[PDB]
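One structure below.
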Amino acid sequence: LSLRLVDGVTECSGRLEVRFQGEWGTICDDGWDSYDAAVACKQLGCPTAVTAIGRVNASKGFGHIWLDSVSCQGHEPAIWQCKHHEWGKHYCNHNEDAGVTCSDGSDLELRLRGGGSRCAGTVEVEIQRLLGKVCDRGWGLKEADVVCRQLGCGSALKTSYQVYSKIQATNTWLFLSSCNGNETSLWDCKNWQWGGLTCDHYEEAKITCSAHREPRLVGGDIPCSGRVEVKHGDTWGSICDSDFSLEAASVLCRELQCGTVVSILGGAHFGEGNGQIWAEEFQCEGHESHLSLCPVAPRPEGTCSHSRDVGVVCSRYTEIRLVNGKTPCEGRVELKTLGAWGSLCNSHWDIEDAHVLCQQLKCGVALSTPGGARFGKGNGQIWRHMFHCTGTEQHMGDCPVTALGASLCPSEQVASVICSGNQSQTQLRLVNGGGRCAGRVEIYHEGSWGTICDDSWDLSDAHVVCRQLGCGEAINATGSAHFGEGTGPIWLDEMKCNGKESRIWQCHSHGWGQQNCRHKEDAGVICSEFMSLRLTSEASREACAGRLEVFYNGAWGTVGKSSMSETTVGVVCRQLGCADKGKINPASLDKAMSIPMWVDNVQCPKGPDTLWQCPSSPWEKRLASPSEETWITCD
Amino acid sequence: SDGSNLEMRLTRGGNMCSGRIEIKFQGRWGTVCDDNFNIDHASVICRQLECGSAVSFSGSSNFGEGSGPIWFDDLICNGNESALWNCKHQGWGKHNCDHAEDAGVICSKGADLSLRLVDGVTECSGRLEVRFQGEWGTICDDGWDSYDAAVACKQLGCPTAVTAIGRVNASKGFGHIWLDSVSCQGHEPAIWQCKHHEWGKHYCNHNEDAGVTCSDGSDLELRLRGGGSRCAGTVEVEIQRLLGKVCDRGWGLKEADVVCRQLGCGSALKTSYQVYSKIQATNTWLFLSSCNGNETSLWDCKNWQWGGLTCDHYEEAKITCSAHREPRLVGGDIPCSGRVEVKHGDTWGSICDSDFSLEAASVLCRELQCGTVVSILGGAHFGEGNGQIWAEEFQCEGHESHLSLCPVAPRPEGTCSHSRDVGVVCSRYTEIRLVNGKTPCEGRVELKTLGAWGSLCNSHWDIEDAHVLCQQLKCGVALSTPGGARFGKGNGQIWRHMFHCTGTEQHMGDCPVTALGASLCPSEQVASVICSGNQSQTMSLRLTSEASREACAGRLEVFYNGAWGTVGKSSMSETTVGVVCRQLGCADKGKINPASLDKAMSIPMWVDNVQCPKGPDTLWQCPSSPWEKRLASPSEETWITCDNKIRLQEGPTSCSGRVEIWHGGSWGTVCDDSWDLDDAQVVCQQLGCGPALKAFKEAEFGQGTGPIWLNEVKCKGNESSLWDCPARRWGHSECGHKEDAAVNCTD
Ligand SMILES: *[C@@H]1O[C@H](CO)[C@@H](O[C@@H]2O[C@H](CO)[C@@H](O[C@@H]3O[C@H](CO)[C@@H](O)[C@H](O)[C@@H]3O)[C@H](O)[C@H]2NC(C)=O)[C@H](O)[C@H]1NC(C)=O
Ligand SMILES: *[C@@H]1O[C@H](CO)[C@@H](O[C@@H]2O[C@H](CO)[C@@H](O[C@@H]3O[C@H](CO)[C@@H](O)[C@H](O)[C@@H]3O)[C@H](O)[C@H]2NC(C)=O)[C@H](O)[C@H]1NC(C)=O
Ligand SMILES: *[C@@H]1O[C@H](CO)[C@@H](O[C@@H]2O[C@H](CO)[C@@H](O)[C@H](O)[C@H]2NC(C)=O)[C@H](O)[C@H]1NC(C)=O
Ligand SMILES: *[C@@H]1O[C@H](CO)[C@@H](O)[C@H](O)[C@H]1NC(C)=O
Ligand SMILES: *[C@@H]1O[C@H](CO)[C@@H](O)[C@H](O)[C@H]1NC(C)=O
Ligand SMILES: *[C@@H]1O[C@H](CO)[C@@H](O)[C@H](O)[C@H]1NC(C)=O
Ligand SMILES: [Ca+2]
Ligand SMILES: [Ca+2]
Ligand SMILES: [Ca+2]
Ligand SMILES: [Ca+2]
Ligand SMILES: [Ca+2]
Ligand SMILES: [Ca+2]
Ligand SMILES: [Ca+2]
């Protein structure tokens, strides 16, 4: 008895044969596992580093079939010392004659071809200088992550490429049984078959790993803004302002974990780069988790100038730390804004915000908020930001934040949080009214948002609604669908609140779902902390020019001109929706209403698009001369 | 030798139908070399040893060493031969194989084949497994249908009353796939005895493993869940003890009709259901393929599949049968009139007045084949029920076929007591019968009017009217209308209704009819019709007064023959005065009063003794005495004062309270949307109370009763009639009864 390989590609590849009684026959495919191949290559003079089953390059054999159902365990010195069934005692057709491929691991290569970069394309496997593809047999993302990890390109996203289908065709295929998604190389996947079988009705395997179009923000004053860069494989390049869109920025900031897009800026706003410039039009739908999944139009024949880079500013720009604590997960809150650190007041600081704060720093569910200055009094600037987190947001930048006109507080009233430090630890809104503290009232119950009926809806009910929402007292409890009809269920019909209840559902009502109303009687509230902005002038052709008026506590007022800057007028103009910059103007037209001025000394940081997050002096309702009133004109 | 003395034997095998081939010749046993051995030789061999259907052929050491000479070599054989020695060969005893172990064969009758079911919800259910060469393998479901499943169940030994395909609750097995494309015919004693692809490790890929579910029919149930009753919702099945849904591969109305018939809810209308509840998820599904449509149950369909696939890219099947909300008219003195009752699946209830609109009445009269709606009555006109009082509002649009398709808005327990049940009067109220005929398709025409039957007068009777009459009685086209007393003279009143059917009407009540001033005719001139029997065959009125203080409070004049004339007072009843008042544009009530102001023109009379039946709203359909222009004294001349169309109700005094307006036979309310001073001014202009000073909202004087007619009234402030102003007229008002309007005015 003796073994041999025939019509492979080296001395240790191809169809396997055994001589019995003096005649040369083959082994059957059934029962042929990696252990059997290891035993066979141990018997032969071949390396045993990688021992894979399969008939690379081999055609249908010829002769007798002499063995089948080989059940070796890797503890025997020959293929025929195993628990073979019986000599010539079974049937296998000649299309499933056995084969092996054995290597020392020095010439087994994998590469993706036919794509925009090395991490997207059809998978091509080169074994012993023979090049072929991989067939889709359970080829999921779980299988694909092994290949992406082996190549060094992030994690797999989808099984498809885009460009350059001009790939050389071959008739040899690689078959994967099942892999855990846990291995470092596809060669470590259990029982992968090389060649022999052919697969029709089944196409080649496709890959696009995450490192195909990695985005990055390079230079900016605040954490999540700057010039946009994309990595083509191994090389970094900037993006033209022409080939970009709001959806592209949204998916870019979703990939980088920086929240929803708040600003897209043309021109070298953050500085001209030094590198390659791509011309690749992104056509993102907007729901993709990565830029790699974005379909991209092919390159045109034109090229941009380097001074045409595009920049992005996104929501999550809030820098908060804990200081003066025994551990990093306990201490006093300090927030960076406008260029300096400082402590945080606890006028509107509660547990719901501490949860999000300790989820930002990965310290688990918040435990308590010690009062006074238990971890230390303030020794500098005190920021008066009131955070109104619901509690489910993952970062303080997602929460609604108000800093305009905030009221001061003494240094002995600074917030601080102590937290568990264990990572493993883990219901009312206003809509369609504009802003957060005015509009139709909606309540969450039974997994759905519903409305409150108009009947018996008076100002005392809006007191409780806006006390729960943190908007202070109410000014209007409106009905008859003032802000528009809703959609969905109606949860509560009659309100008999005292006006002192802590939350809305402490109120007396007929019971959940006990309603006799329709969607034209939806309830709405307008409250003290409602803010709106406008520009007024007398019968002009343009509306975005004139006197700045802010709405607060139900009354209009003007804004002081002291300490104004270009960025403040810019954010005001953006909020009104007319331009991204503007210029202050003297007291024009020498005529206006004598309404007083509500707030003065407004300072804006980079990143907010709404004036409400610009810190300023506390509210004051005093009369001012037309010299102190602010007039702006936006371009 | 002709081959009679030769004999063949199977040796060293598992049994008689297995092993090495041996042939006896010249007193010596010998074997046959395996050169050029194919399935044809095996088929030939497994024919004369009585073991049939050659399964496998072997070679070399499959059956050990042979002994003796070798008789045959390099034989060529066909697939159908009498014996192995009937083939062409080089010669007896001639061979050049240079081998020692010879050929062996395995026929079906000796192979240790067996069949079993695994991974099932019962002893016999789930995936099929067949033993071949000692290994258990699966069957690919390429062309795996009910006949094969029946054969499998019969072989297994468990009941064959209902046999279905599909692997329920079973996962695809790992191993060989021994059989593929089985084509059993429904009587074979075994699955492998049929025609099937040759035993081999198939690569069948587009398909999955095969399995069966056999049952006796007493453990299969079908239900609907998520709907408003047992006859609406998503369809759920319970086979053995496992629940599932039905995928909508071919879920047509022809498919849903079978389900509705099985449940008993009449017929299928729609493939969607308004959702009253959330239903749980379920892993296994049921699949169908083009049932005939006349099947009594879904278990008698063709090759339905239970399990085996996950219905993705397709959604669950859902239906609403006719019995979901089945209407009925009860307590009526005439057909197509009475109190409305609705069956909610299997219970009858009476509906409340405020939940019904004219569109709902139209759809009800259409579904009952009762025609258009002529009036909606409230306040238990036909009497109050004695059962449940459904409290769901109907949001019907027009042109709907059944009351089940309507959207429905549920409400809490009803505020209304049992004395607010609604009723309807539709259009087809004409009772006609054919009497004194050998068959109901021919005979005398009797018409039921007032409270009695009578013989219709054939003065204006024509063939088109007979066509309509016999289309009503489902008797097809009428043949002829015999004259004279062909079927016997009348035995009572002779109604003189004049029917003017066009010819295409489906009911005699949809034809125009006139009975006022209808001339008399003798006892022998009486109508009667005979028909084929093959069912498949197919005037003005006004009220005058010296001054027009109101609009309907004066002397009555009828227009005929180009002149006006007053109407007699003899036998004037409440219903006749109501009909006149309603026709002339005021509420459905009035009172007759003696002549006033004694200055009406001395116009002659036209008609006397006018009696009006229930159901018609126009005066021309009321039987009476024939026209005559006799002069009449003012003592016999009629004067009527009708109730106005706009009243104020529940107010502490007159000229104040809730606005109620009459239409469609019922008193409805006015919604408070855009209820301001101009509309109140118009309202108190119609009523003779003078200028208004305030308009009220949200049912200040009391919550109303009935439908709602007007919405978003936008009077300019000087319109003569509130019903001249714009508004969402005739319902559609999206207001409850907490929005009833009210007016206060200067006395
Ligand atoms: C797949 O297997 C076939 C054999 O069935 C290989 O074909 C033969 O490969 C051998 C190398 O083992 C070649 O022998 C040498 O070829 C060169 C010329 O190419 C000559 O200089 C040497 O004297 C010697 O003959 C042989 O030519 C070649 N024959 C053919 C017809 O291809 C084949 O190489 C294998 N596949 C691949 C991709 O290598
Ligand atoms: C769905 O298929 C599963 C397997 O894929 C079936 O699992 C097992 O089925 C048995 C009855 O057939 C269940 O009851 C067991 O019965 C025996 C006696 O007959 C007893 O020894 C056990 O203690 C138990 O009562 C068994 O729980 C069940 N096991 C599991 C993990 O499901 C199953 O019957 C099929 N149907 C359903 C509805 O799951
Ligand atoms: C509700 O909002 C309305 C406006 O939508 C307010 O009515 C105005 O209130 C101002 C006071 O700032 C008065 O000068 C105006 O004359 C009012 N207009 C009208 C048409 O009445 C009202 O104050 C708000 N609050 C309440 C309780 O009604
Ligand atoms: C993942 O791979 C590691 C490295 O060999 C191994 O120890 C571990 O068991 C694997 N885990 C699983 C779930 O396969
Ligand atoms: C149902 O109708 C089909 C033709 O549409 C007919 O072949 C079949 O026999 C019918 N079945 C029954 C049970 O009447
Ligand atoms: C109607 O108005 C009059 C006149 O102002 C007033 O005296 C009377 O009380 C009012 N009626 C009601 C029911 O309010
Ligand atoms: Ca093995
Ligand atoms: Ca209301
Ligand atoms: Ca209410
Ligand atoms: Ca209240
Ligand atoms: Ca079949
Ligand atoms: Ca209203
Ligand atoms: Ca109006």
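Just remember, in the structure tokens the first chain shown is A, the second B, etc., residues are 1-based per chain, and ligands are 1-based in the order shown.
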
request  = Collect all residues with atoms no farther than 8 Å from ligand 10, counting only C-alpha atoms and all ligand atoms, and output them as an NGL selection string.
outcome  = :A and (455-461 or 494-497)

Env. residues ligand 5 / 6 Å / only C-alpha atoms and all ligand atoms / as a PDB file with N, CA and C atoms, in the first residue's frame:
ATOM      1  N   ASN B 292     -59.585  25.620  -5.226  1.00  0.00           N
ATOM      2  CA  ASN B 292     -60.606  25.740  -6.263  1.00  0.00           C
ATOM      3  C   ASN B 292     -61.562  26.890  -5.970  1.00  0.00           C
ATOM      4  N   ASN B 294     -64.672  26.255  -4.173  1.00  0.00           N
ATOM      5  CA  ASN B 294     -65.894  25.630  -3.688  1.00  0.00           C
ATOM      6  C   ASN B 294     -65.646  24.661  -2.543  1.00  0.00           C
ATOM      7  N   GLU B 295     -64.430  24.621  -2.009  1.00  0.00           N
ATOM      8  CA  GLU B 295     -64.116  23.681  -0.944  1.00  0.00           C
ATOM      9  C   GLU B 295     -64.843  24.058   0.339  1.00  0.00           C
TER      10      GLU B 295
END

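For stretch 373-439 of chain A, backbone-based DSSP assignment of strand (DSSP E or B) covers residues 382, 383, 386, 387, 401, 402, 414, 416, 417, 418, 419, 428, 429, 430, 431, 438 and 439 of chain A.
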
inquiry  = At a cut-off of 9 Å around ligand 11, and using only C-alpha atoms and all ligand atoms, what residues come up? Please write them as a list in words.
reply    = residues 141, 142, 143, 144, 145, 146, 147, 148, 149, 181, 182, 183, 184, 185 and 196 of chain B

Pull out every residue of chain B that has at least one atom within 8 Å of chain A, counting only C-alpha atoms, and report them as a PDB file with N, CA, C and O atoms, in the first residue's frame.
ATOM      1  N   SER B  58     -22.524  -3.142  -7.206  1.00  0.00           N
ATOM      2  CA  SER B  58     -21.266  -3.127  -6.485  1.00  0.00           C
ATOM      3  C   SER B  58     -20.194  -3.785  -7.342  1.00  0.00           C
ATOM      4  O   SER B  58     -20.452  -4.244  -8.458  1.00  0.00           O
ATOM      5  N   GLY B  59     -18.980  -3.825  -6.809  1.00  0.00           N
ATOM      6  CA  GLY B  59     -17.881  -4.453  -7.510  1.00  0.00           C
ATOM      7  C   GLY B  59     -16.754  -4.764  -6.554  1.00  0.00           C
ATOM      8  O   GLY B  59     -16.793  -4.411  -5.373  1.00  0.00           O
ATOM      9  N   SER B  60     -15.731  -5.420  -7.100  1.00  0.00           N
ATOM     10  CA  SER B  60     -14.527  -5.855  -6.378  1.00  0.00           C
ATOM     11  C   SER B  60     -14.952  -6.508  -5.062  1.00  0.00           C
ATOM     12  O   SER B  60     -15.812  -7.398  -5.078  1.00  0.00           O
ATOM     13  N   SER B  61     -14.423  -6.078  -3.914  1.00  0.00           N
ATOM     14  CA  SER B  61     -14.523  -6.825  -2.667  1.00  0.00           C
ATOM     15  C   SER B  61     -15.785  -6.502  -1.878  1.00  0.00           C
ATOM     16  O   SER B  61     -15.784  -6.605  -0.644  1.00  0.00           O
ATOM     17  N   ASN B  62     -16.865  -6.111  -2.558  1.00  0.00           N
ATOM     18  CA  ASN B  62     -18.102  -5.786  -1.860  1.00  0.00           C
ATOM     19  C   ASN B  62     -18.788  -7.020  -1.292  1.00  0.00           C
ATOM     20  O   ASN B  62     -19.628  -6.888  -0.397  1.00  0.00           O
ATOM     21  N   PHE B  63     -18.460  -8.214  -1.798  1.00  0.00           N
ATOM     22  CA  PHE B  63     -19.100  -9.432  -1.317  1.00  0.00           C
ATOM     23  C   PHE B  63     -18.118 -10.597  -1.208  1.00  0.00           C
ATOM     24  O   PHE B  63     -18.548 -11.758  -1.202  1.00  0.00           O
ATOM     25  N   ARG B 411     -66.333  53.649  21.195  1.00  0.00           N
ATOM     26  CA  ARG B 411     -66.676  54.607  22.232  1.00  0.00           C
ATOM     27  C   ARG B 411     -66.862  53.857  23.540  1.00  0.00           C
ATOM     28  O   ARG B 411     -67.051  52.636  23.539  1.00  0.00           O
ATOM     29  N   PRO B 412     -66.808  54.560  24.680  1.00  0.00           N
ATOM     30  CA  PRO B 412     -67.073  53.893  25.963  1.00  0.00           C
ATOM     31  C   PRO B 412     -68.525  53.464  26.097  1.00  0.00           C
ATOM     32  O   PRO B 412     -69.299  53.573  25.140  1.00  0.00           O
ATOM     33  N   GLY B 736     -69.104  65.642  18.068  1.00  0.00           N
ATOM     34  CA  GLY B 736     -69.962  64.900  18.964  1.00  0.00           C
ATOM     35  C   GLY B 736     -71.124  65.768  19.411  1.00  0.00           C
ATOM     36  O   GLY B 736     -71.337  66.878  18.923  1.00  0.00           O
TER      37      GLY B 736
END

inquiry  = as a count of residues only, please: every protein or nucleic acid residue near ligand 3 (cut-off 8 Å, counting only C-alpha atoms and all ligand atoms).
reply    = 8

task = Skip residue B:733 itself and residues of its chain fewer than 5 positions away, then list as a VMD selection string all residues within 12 Å of it, counting only C-alpha atoms.
result = (chain A and resid 518 520) or (chain B and resid 357 to 358 395 668 to 673 707 to 713 727 to 728 739 to 740)

inquiry  = Can you tell me which residues surround residue B:482 at a distance of at most 8 Å, considering only C-alpha atoms, apart from same-chain residues fewer than 3 positions away, and format the answer as a PyMOL selection string?
reply    = chain B and resi 486+527-530

task = Residues within 9 Å of ligand 6, counting only C-alpha atoms and all ligand atoms: report them as a PyMOL selection string.
result = chain B and resi 651-653+655-657+693-694+700-701+743-747

Those residues with C-alpha atoms, as a PDB file, in the first residue's frame please?
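Final file, again.pdb:
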ATOM      1  CA  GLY B 651     -84.403  76.696  26.876  1.00  0.00           C
ATOM      2  CA  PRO B 652     -85.873  78.117  30.082  1.00  0.00           C
ATOM      3  CA  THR B 653     -88.274  80.116  27.899  1.00  0.00           C
ATOM      4  CA  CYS B 655     -86.491  82.399  22.051  1.00  0.00           C
ATOM      5  CA  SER B 656     -83.558  80.768  23.863  1.00  0.00           C
ATOM      6  CA  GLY B 657     -81.867  77.388  23.943  1.00  0.00           C
ATOM      7  CA  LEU B 693     -77.460  89.289  21.265  1.00  0.00           C
ATOM      8  CA  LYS B 694     -75.326  86.204  22.012  1.00  0.00           C
ATOM      9  CA  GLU B 700     -74.976  75.327  27.469  1.00  0.00           C
ATOM     10  CA  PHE B 701     -78.704  74.536  27.521  1.00  0.00           C
ATOM     11  CA  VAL B 743     -78.765  80.927  20.886  1.00  0.00           C
ATOM     12  CA  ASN B 744     -80.166  83.549  23.249  1.00  0.00           C
ATOM     13  CA  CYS B 745     -82.279  86.317  21.755  1.00  0.00           C
ATOM     14  CA  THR B 746     -84.307  89.405  22.586  1.00  0.00           C
ATOM     15  CA  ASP B 747     -87.889  88.455  23.429  1.00  0.00           C
TER      16      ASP B 747
END

task = Pick out the residues sitting within 7 Å of residue A:184, and hand them over as a list in words; count only C-alpha atoms, and ignore anything fewer than 6 positions along from it in its own chain.
result =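 Skipping anything fewer than 6 positions along the chain leaves residues 146, 149 and 150 of chain A.
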
request  = Let me have all residues with an atom within 8 Å of ligand 13, counting only C-alpha atoms and all ligand atoms, laid out as a PyMOL selection string.
outcome  = chain B and resi 674-679+712-716

ask   = What is the atom CA of residue B:299 to atom CA of residue B:220 distance in Å?
value =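 The value is 8.3 Å.
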